[PDB]
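Just data.txt here, compact mmCIF, C-alpha atoms and all ligand atoms:
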```txt
# COMPACT_ATOMS: atom_id res chain seq x y z
CA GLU A 16 -78.28 337.52 62.28
CA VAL A 17 -75.34 339.78 61.38
CA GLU A 18 -75.70 343.06 59.49
CA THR A 19 -72.78 344.43 57.47
CA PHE A 20 -72.35 348.15 56.80
CA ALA A 21 -69.88 350.23 54.83
CA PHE A 22 -68.03 353.03 56.60
CA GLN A 23 -68.48 356.54 55.30
CA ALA A 24 -65.76 357.27 52.76
CA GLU A 25 -64.08 359.81 55.06
CA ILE A 26 -63.96 357.39 58.00
CA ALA A 27 -62.51 354.58 55.88
CA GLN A 28 -59.95 357.09 54.59
CA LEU A 29 -58.99 357.97 58.17
CA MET A 30 -58.68 354.32 59.20
CA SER A 31 -56.42 353.36 56.29
CA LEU A 32 -54.31 356.44 57.06
CA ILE A 33 -53.93 355.30 60.68
CA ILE A 34 -53.05 351.72 59.69
CA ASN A 35 -50.61 352.63 56.90
CA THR A 36 -48.77 355.74 58.17
CA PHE A 37 -45.44 355.10 59.89
CA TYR A 38 -45.75 356.41 63.45
CA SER A 39 -44.01 354.99 66.51
CA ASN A 40 -45.88 356.68 69.40
CA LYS A 41 -48.66 354.10 69.33
CA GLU A 42 -49.27 354.15 73.10
CA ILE A 43 -51.66 357.12 72.80
CA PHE A 44 -54.53 354.77 71.90
CA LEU A 45 -55.05 354.00 75.60
CA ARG A 46 -55.42 357.68 76.49
CA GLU A 47 -58.15 358.13 73.87
CA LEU A 48 -60.15 355.05 74.89
CA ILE A 49 -59.96 355.89 78.60
CA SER A 50 -60.93 359.46 77.72
CA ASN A 51 -63.93 358.12 75.80
CA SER A 52 -64.95 356.00 78.79
CA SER A 53 -64.57 359.01 81.09
CA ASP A 54 -66.99 361.02 78.95
CA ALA A 55 -69.57 358.23 78.96
CA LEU A 56 -69.35 358.00 82.75
CA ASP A 57 -69.78 361.79 82.99
CA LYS A 58 -72.93 361.71 80.86
CA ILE A 59 -74.70 358.99 82.85
CA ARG A 60 -73.75 360.71 86.12
CA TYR A 61 -75.28 364.01 84.99
CA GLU A 62 -78.48 362.42 83.65
CA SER A 63 -78.92 360.52 86.93
CA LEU A 64 -78.99 363.79 88.89
CA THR A 65 -82.43 364.59 87.43
CA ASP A 66 -83.48 360.92 87.20
CA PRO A 67 -82.05 358.54 89.85
CA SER A 68 -83.73 355.55 88.17
CA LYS A 69 -81.13 355.62 85.38
CA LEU A 70 -78.68 353.96 87.82
CA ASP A 71 -81.00 350.97 88.33
CA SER A 72 -78.81 349.17 85.76
CA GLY A 73 -75.75 349.62 87.99
CA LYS A 74 -74.59 352.16 90.58
CA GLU A 75 -70.83 351.72 90.20
CA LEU A 76 -68.97 354.12 87.89
CA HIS A 77 -65.53 352.77 87.04
CA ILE A 78 -63.12 351.71 84.29
CA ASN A 79 -61.42 348.30 84.05
CA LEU A 80 -58.38 347.35 81.97
CA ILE A 81 -58.15 343.61 81.33
CA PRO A 82 -55.29 341.99 79.37
CA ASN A 83 -55.45 338.39 78.18
CA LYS A 84 -52.27 336.84 76.76
CA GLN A 85 -54.02 333.61 75.74
CA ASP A 86 -56.45 335.43 73.43
CA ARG A 87 -54.01 338.32 72.79
CA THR A 88 -56.69 340.88 73.66
CA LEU A 89 -56.77 344.13 75.63
CA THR A 90 -60.21 345.06 76.96
CA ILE A 91 -61.35 348.45 78.27
CA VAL A 92 -64.59 348.14 80.25
CA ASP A 93 -66.60 351.09 81.54
CA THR A 94 -70.02 351.38 83.17
CA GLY A 95 -70.84 354.56 81.27
CA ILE A 96 -74.03 355.56 79.47
CA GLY A 97 -73.41 353.12 76.61
CA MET A 98 -74.43 353.39 72.97
CA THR A 99 -77.70 352.58 71.22
CA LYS A 100 -78.04 350.81 67.88
CA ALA A 101 -78.62 354.17 66.18
CA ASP A 102 -75.33 355.45 67.61
CA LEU A 103 -73.39 352.47 66.23
CA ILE A 104 -74.82 352.80 62.71
CA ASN A 105 -75.36 356.43 61.71
CA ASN A 106 -75.15 358.90 64.61
CA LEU A 107 -71.48 358.58 65.58
CA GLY A 108 -70.37 358.39 61.94
CA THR A 109 -72.24 361.56 60.98
CA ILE A 110 -70.57 363.50 63.81
CA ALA A 111 -67.16 362.07 62.89
CA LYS A 112 -67.42 363.24 59.26
CA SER A 113 -66.57 366.84 60.19
CA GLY A 114 -63.97 365.87 62.78
CA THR A 115 -62.25 363.63 60.23
CA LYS A 116 -62.22 366.39 57.61
CA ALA A 117 -60.72 368.88 60.06
CA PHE A 118 -58.24 366.31 61.39
CA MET A 119 -56.80 365.48 57.97
CA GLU A 120 -56.40 369.12 56.92
CA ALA A 121 -54.37 369.65 60.10
CA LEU A 122 -52.22 366.61 59.28
CA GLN A 123 -51.20 368.15 55.95
CA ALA A 124 -50.68 371.46 57.80
CA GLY A 125 -48.08 369.95 60.15
CA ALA A 126 -50.09 368.26 62.89
CA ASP A 127 -49.42 364.70 64.03
CA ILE A 128 -51.67 361.77 64.90
CA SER A 129 -51.36 362.34 68.66
CA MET A 130 -53.88 365.23 68.59
CA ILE A 131 -56.65 363.05 67.13
CA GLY A 132 -58.70 363.51 70.31
CA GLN A 133 -59.14 367.25 69.72
CA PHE A 134 -61.24 366.34 66.65
CA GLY A 135 -63.52 363.84 68.41
CA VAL A 136 -62.40 360.77 66.44
CA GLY A 137 -59.95 359.36 68.99
CA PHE A 138 -61.63 355.94 69.04
CA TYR A 139 -60.07 355.04 65.68
CA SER A 140 -56.61 355.29 67.25
CA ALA A 141 -57.37 351.74 68.40
CA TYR A 142 -56.21 350.62 64.94
CA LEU A 143 -52.68 351.73 65.74
CA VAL A 144 -52.34 348.52 67.77
CA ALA A 145 -55.37 346.37 66.84
CA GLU A 146 -56.01 344.28 63.75
CA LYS A 147 -59.66 343.97 64.83
CA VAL A 148 -61.87 345.77 67.36
CA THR A 149 -65.00 344.43 69.05
CA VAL A 150 -67.32 346.76 70.97
CA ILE A 151 -70.01 345.37 73.28
CA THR A 152 -72.28 348.13 74.56
CA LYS A 153 -75.59 348.45 76.41
CA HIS A 154 -77.64 351.65 76.70
CA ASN A 155 -80.63 352.06 79.02
CA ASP A 156 -83.01 352.68 76.09
CA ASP A 157 -81.89 349.78 73.88
CA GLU A 158 -80.68 346.18 73.81
CA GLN A 159 -77.11 344.91 74.01
CA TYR A 160 -75.22 345.07 70.71
CA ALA A 161 -71.90 343.87 69.31
CA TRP A 162 -69.94 346.15 66.97
CA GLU A 163 -66.94 344.79 65.08
CA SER A 164 -64.57 345.89 62.34
CA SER A 165 -61.21 344.80 60.93
CA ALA A 166 -61.12 348.03 58.87
CA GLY A 167 -61.10 347.36 55.13
CA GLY A 168 -64.15 349.57 54.63
CA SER A 169 -66.84 347.62 56.49
CA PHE A 170 -68.14 346.85 59.97
CA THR A 171 -70.81 344.56 61.40
CA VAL A 172 -73.51 344.92 64.07
CA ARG A 173 -75.46 342.15 65.78
CA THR A 174 -77.52 341.50 68.88
CA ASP A 175 -75.11 340.24 71.52
CA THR A 176 -75.88 336.85 73.09
CA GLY A 177 -73.00 336.93 75.60
CA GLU A 178 -73.03 337.78 79.29
CA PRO A 179 -75.43 340.66 80.05
CA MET A 180 -73.52 343.84 80.86
CA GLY A 181 -76.19 345.90 82.62
CA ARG A 182 -74.99 349.22 81.18
CA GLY A 183 -71.77 350.51 79.66
CA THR A 184 -69.25 349.80 76.91
CA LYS A 185 -66.64 347.07 76.43
CA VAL A 186 -63.88 347.64 73.86
CA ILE A 187 -61.93 344.50 72.93
CA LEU A 188 -58.67 345.18 71.09
CA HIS A 189 -57.37 342.17 69.16
CA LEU A 190 -53.71 343.18 69.11
CA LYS A 191 -51.39 342.91 66.13
CA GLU A 192 -48.69 340.27 66.49
CA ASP A 193 -45.94 342.83 67.19
CA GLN A 194 -47.89 344.96 69.71
CA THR A 195 -48.11 342.47 72.60
CA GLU A 196 -46.16 344.89 74.81
CA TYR A 197 -49.51 346.43 75.79
CA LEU A 198 -50.43 343.21 77.61
CA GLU A 199 -47.68 343.63 80.22
CA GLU A 200 -48.67 345.09 83.59
CA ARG A 201 -45.67 347.41 83.96
CA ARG A 202 -46.24 348.81 80.46
CA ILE A 203 -49.95 349.53 81.00
CA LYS A 204 -49.21 351.12 84.39
CA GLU A 205 -46.62 353.33 82.70
CA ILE A 206 -49.00 354.55 79.98
CA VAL A 207 -51.87 355.18 82.41
CA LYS A 208 -49.68 357.13 84.85
CA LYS A 209 -48.32 359.22 81.97
CA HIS A 210 -51.51 360.04 80.05
CA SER A 211 -54.51 359.32 82.30
CA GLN A 212 -53.37 360.20 85.83
CA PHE A 213 -56.19 362.68 86.56
CA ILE A 214 -59.24 360.72 85.37
CA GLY A 215 -62.01 361.24 87.91
CA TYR A 216 -63.01 357.57 88.08
CA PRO A 217 -61.30 354.49 89.55
CA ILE A 218 -59.16 352.70 86.96
CA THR A 219 -58.45 349.09 87.95
CA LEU A 220 -55.72 347.19 86.10
CA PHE A 221 -56.33 343.44 86.14
CA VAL A 222 -53.42 340.99 86.15
CA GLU A 223 -53.17 337.44 84.83
CA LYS A 224 -51.85 333.98 85.75
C1 LIG A 301 -67.15 356.15 72.24
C2 LIG A 301 -67.12 355.35 73.50
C3 LIG A 301 -66.35 354.24 73.84
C4 LIG A 301 -65.32 353.58 72.98
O1 LIG A 301 -64.02 354.12 73.17
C5 LIG A 301 -66.73 353.90 75.11
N1 LIG A 301 -67.67 354.70 75.58
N2 LIG A 301 -67.92 355.61 74.58
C6 LIG A 301 -68.89 356.60 74.79
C7 LIG A 301 -70.24 356.25 74.79
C8 LIG A 301 -71.19 357.23 75.00
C9 LIG A 301 -70.79 358.52 75.19
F1 LIG A 301 -71.73 359.48 75.40
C10 LIG A 301 -69.47 358.89 75.19
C11 LIG A 301 -68.51 357.92 74.98
```
What do you get writing this file as structure tokens?
Amino acid sequence: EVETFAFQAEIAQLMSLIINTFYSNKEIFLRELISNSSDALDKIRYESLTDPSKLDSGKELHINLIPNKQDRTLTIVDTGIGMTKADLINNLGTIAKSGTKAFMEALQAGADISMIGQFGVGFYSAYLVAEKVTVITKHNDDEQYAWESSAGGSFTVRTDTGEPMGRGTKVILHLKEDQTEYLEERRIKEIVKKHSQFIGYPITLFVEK
């Protein structure tokens, strides 16, 4: 059972602007996603200080980067606090309405796409390199859910029947045909060392066959 939703008009406007605008510094998507994972790990660590039982779904706090050349996917896994169904559908989009408005006024004022994180909508930088994005997430107070969007004004949400995750978020980037450079180990190492060197959680870079 798959539910289809329409993005808010401002979010769809931001996505199409990210997909259509000519901009070569595409590597900044990895900094935003890792930064998002770092915030989710911070939130579950703080909540667990006043409630140790919130770590019963997993004690490890880490981030994993997993490239797959066969499927042409780049996956960012974190064991953070995760997102509920309400987050995926209306909560995160309501917050992002003001950040999108402010971000686009700055763009016409002289700003560039690389400061998208300062407006809280850095997740959508994934569509600099992805034709489709899948998000598997599991929050302590909800079930596991699968979010997916190929832009175009709509996204879907369903109950995930895959491998149970325990707790956290998994972002699967289905890369455009000409962006396969972000599957190479030496390229991912280079971006992480340049933009995410001081993240306070272990970042493990998987390798392939
Ligand atoms: C938005 C996002 C992603 C996707 O980049 C992964 N974890 N999170 C996240 C989830 C919950 C948070 F409180 C903060 C960040």
May I have a table of the residues of chain A lying at most 9 Å from ligand LIG 301 (chain A), giving each one's closest pair of atoms and their distance in Å to one decimal, counting only C-alpha atoms and all ligand atoms, ordered by chain and ascending residue number, as a tab-separated table?
```
residue	atom	partner	partner_atom	distance
A:47	CA	A:LIG301	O1	7.1
A:48	CA	A:LIG301	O1	4.3
A:49	CA	A:LIG301	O1	7.0
A:50	CA	A:LIG301	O1	7.7
A:51	CA	A:LIG301	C11	4.7
A:52	CA	A:LIG301	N1	4.4
A:53	CA	A:LIG301	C11	7.4
A:54	CA	A:LIG301	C10	5.0
A:55	CA	A:LIG301	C10	3.8
A:56	CA	A:LIG301	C10	7.6
A:57	CA	A:LIG301	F1	8.2
A:58	CA	A:LIG301	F1	6.0
A:59	CA	A:LIG301	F1	8.0
A:91	CA	A:LIG301	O1	8.1
A:92	CA	A:LIG301	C5	8.0
A:93	CA	A:LIG301	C5	7.0
A:94	CA	A:LIG301	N1	8.6
A:95	CA	A:LIG301	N1	6.5
A:96	CA	A:LIG301	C8	5.6
A:97	CA	A:LIG301	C7	4.8
A:98	CA	A:LIG301	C7	5.4
A:99	CA	A:LIG301	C8	8.8
A:102	CA	A:LIG301	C8	8.7
A:107	CA	A:LIG301	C1	8.3
A:136	CA	A:LIG301	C1	8.8
A:137	CA	A:LIG301	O1	7.8
A:138	CA	A:LIG301	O1	5.1
A:139	CA	A:LIG301	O1	8.5
A:141	CA	A:LIG301	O1	8.5
A:150	CA	A:LIG301	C4	7.4
A:152	CA	A:LIG301	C5	8.0
A:154	CA	A:LIG301	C8	8.7
A:183	CA	A:LIG301	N1	7.1
A:184	CA	A:LIG301	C5	5.1
A:185	CA	A:LIG301	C5	7.0
A:186	CA	A:LIG301	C4	6.2
```
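With only C-alpha atoms as the atoms that count, the residue of A:130, A:62, A:178, A:21 with the shortest distance to residue A:40 is A:130.
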| message | Can you pull out the residues contacting residue A:90? Cut-off 9 Å, using all atoms listed in the file, and skip same-chain residues under 5 positions away; I want them as a VMD selection string. | response | chain A and resid 79 to 83 185 to 189
| field | Distance criterion (all atoms listed in the file): nearest to residue A:222 out of A:89, A:121, A:143, A:126 | value | A:89
| request: Do a neighbour search on residue A:179 at 10 Å with all atoms listed in the file, toss out local chain neighbours closer than 4 positions, and write the hits as a ChimeraX atom specification. | output: /A:151-153,158-159,175
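Using all atoms listed in the file, the nearest neighbour of residue A:128 within the list A:41, A:202, A:112, A:46 is A:41.
Each of A:173, A:148, A:132, A:44 was compared to residue A:203 using all atoms listed in the file, and A:44 turns out to be the nearest.
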| remark: Separating atom CA of residue A:171 from atom CA of residue A:157, to the nearest tenth of an Å, is a gap of 17.5 Å
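Nearest residue to residue A:45, choosing from A:144, A:111, A:101, A:180 and counting all atoms listed in the file: A:144.
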| Atom pair atom CA of residue A:32 / atom CA of residue A:209: separation (Å) | 25.8 Å
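Atom pair atom CA of residue A:149 / atom CA of residue A:163 has a distance of 4.4 Å (rounded to one decimal).
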| Residue among A:212, A:70, A:60, A:166 lying closest to residue A:140, counting all atoms listed in the file | A:166
Contacts of residue A:22 at 9 Å or less, counting only C-alpha atoms, minus same-chain residues fewer than 3 places along, as a short mmCIF file (atom, residue, chain, number, x, y, z; two decimals) with C-alpha atoms, keeping the file's coordinate frame?
```
data_model
loop_
_atom_site.label_atom_id
_atom_site.label_comp_id
_atom_site.auth_asym_id
_atom_site.auth_seq_id
_atom_site.Cartn_x
_atom_site.Cartn_y
_atom_site.Cartn_z
CA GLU A 25 -64.08 359.81 55.06
CA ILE A 26 -63.96 357.39 58.00
CA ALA A 27 -62.51 354.58 55.88
CA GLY A 108 -70.37 358.39 61.94
CA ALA A 166 -61.12 348.03 58.87
CA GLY A 168 -64.15 349.57 54.63
CA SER A 169 -66.84 347.62 56.49
CA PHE A 170 -68.14 346.85 59.97
#
```
Could you work out an axis-aligned box for stretch 138-141 of chain A, taking every atom the file lists and adding 5 Å on each side, and report centre and edge lengths in Å to one decimal, as AutoDock Vina command-line options?
```
--center_x -59.1 --center_y 353.8 --center_z 67.4 --size_x 15.0 --size_y 14.2 --size_z 13.4
```
Could you add the missing atoms to stretch 140-154 of chain A, up to N, CA, C and O atoms, and return them as a JSON list (two decimals), in the frame of the given file?
```json
[["chain", "number", "residue", "atom", "x", "y", "z"],
["A", 140, "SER", "N", -57.99, 355.55, 66.89],
["A", 140, "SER", "CA", -56.61, 355.29, 67.25],
["A", 140, "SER", "C", -56.40, 353.87, 67.75],
["A", 140, "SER", "O", -55.25, 353.44, 67.88],
["A", 141, "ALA", "N", -57.48, 353.14, 68.03],
["A", 141, "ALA", "CA", -57.37, 351.74, 68.40],
["A", 141, "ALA", "C", -56.67, 350.92, 67.32],
["A", 141, "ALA", "O", -56.02, 349.92, 67.62],
["A", 142, "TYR", "N", -56.80, 351.34, 66.06],
["A", 142, "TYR", "CA", -56.21, 350.62, 64.94],
["A", 142, "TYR", "C", -54.74, 350.95, 64.74],
["A", 142, "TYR", "O", -54.16, 350.55, 63.72],
["A", 143, "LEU", "N", -54.13, 351.67, 65.68],
["A", 143, "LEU", "CA", -52.68, 351.73, 65.74],
["A", 143, "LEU", "C", -52.10, 350.41, 66.25],
["A", 143, "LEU", "O", -51.00, 350.02, 65.86],
["A", 144, "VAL", "N", -52.84, 349.72, 67.12],
["A", 144, "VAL", "CA", -52.34, 348.52, 67.77],
["A", 144, "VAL", "C", -53.23, 347.31, 67.54],
["A", 144, "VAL", "O", -52.80, 346.18, 67.86],
["A", 145, "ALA", "N", -54.43, 347.47, 67.00],
["A", 145, "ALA", "CA", -55.37, 346.37, 66.84],
["A", 145, "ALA", "C", -55.55, 346.04, 65.37],
["A", 145, "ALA", "O", -55.65, 346.94, 64.53],
["A", 146, "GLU", "N", -55.59, 344.74, 65.06],
["A", 146, "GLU", "CA", -56.01, 344.28, 63.75],
["A", 146, "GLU", "C", -57.53, 344.16, 63.65],
["A", 146, "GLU", "O", -58.06, 344.13, 62.54],
["A", 147, "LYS", "N", -58.21, 344.10, 64.79],
["A", 147, "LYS", "CA", -59.66, 343.97, 64.83],
["A", 147, "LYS", "C", -60.14, 344.50, 66.17],
["A", 147, "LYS", "O", -59.46, 344.35, 67.19],
["A", 148, "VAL", "N", -61.30, 345.15, 66.16],
["A", 148, "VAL", "CA", -61.87, 345.77, 67.36],
["A", 148, "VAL", "C", -63.31, 345.30, 67.51],
["A", 148, "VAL", "O", -64.10, 345.41, 66.57],
["A", 149, "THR", "N", -63.64, 344.81, 68.70],
["A", 149, "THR", "CA", -65.00, 344.43, 69.05],
["A", 149, "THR", "C", -65.50, 345.34, 70.16],
["A", 149, "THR", "O", -64.78, 345.61, 71.12],
["A", 150, "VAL", "N", -66.73, 345.83, 70.02],
["A", 150, "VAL", "CA", -67.32, 346.76, 70.97],
["A", 150, "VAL", "C", -68.67, 346.20, 71.41],
["A", 150, "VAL", "O", -69.62, 346.16, 70.61],
["A", 151, "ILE", "N", -68.76, 345.76, 72.66],
["A", 151, "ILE", "CA", -70.01, 345.37, 73.28],
["A", 151, "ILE", "C", -70.51, 346.54, 74.11],
["A", 151, "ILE", "O", -69.76, 347.08, 74.94],
["A", 152, "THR", "N", -71.75, 346.95, 73.89],
["A", 152, "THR", "CA", -72.28, 348.13, 74.56],
["A", 152, "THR", "C", -73.75, 347.93, 74.87],
["A", 152, "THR", "O", -74.46, 347.21, 74.16],
["A", 153, "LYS", "N", -74.21, 348.57, 75.95],
["A", 153, "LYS", "CA", -75.59, 348.45, 76.41],
["A", 153, "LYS", "C", -76.05, 349.80, 76.95],
["A", 153, "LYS", "O", -75.51, 350.29, 77.94],
["A", 154, "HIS", "N", -77.04, 350.39, 76.29],
["A", 154, "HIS", "CA", -77.64, 351.65, 76.70],
["A", 154, "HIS", "C", -78.98, 351.36, 77.37],
["A", 154, "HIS", "O", -79.63, 350.35, 77.10]]
```
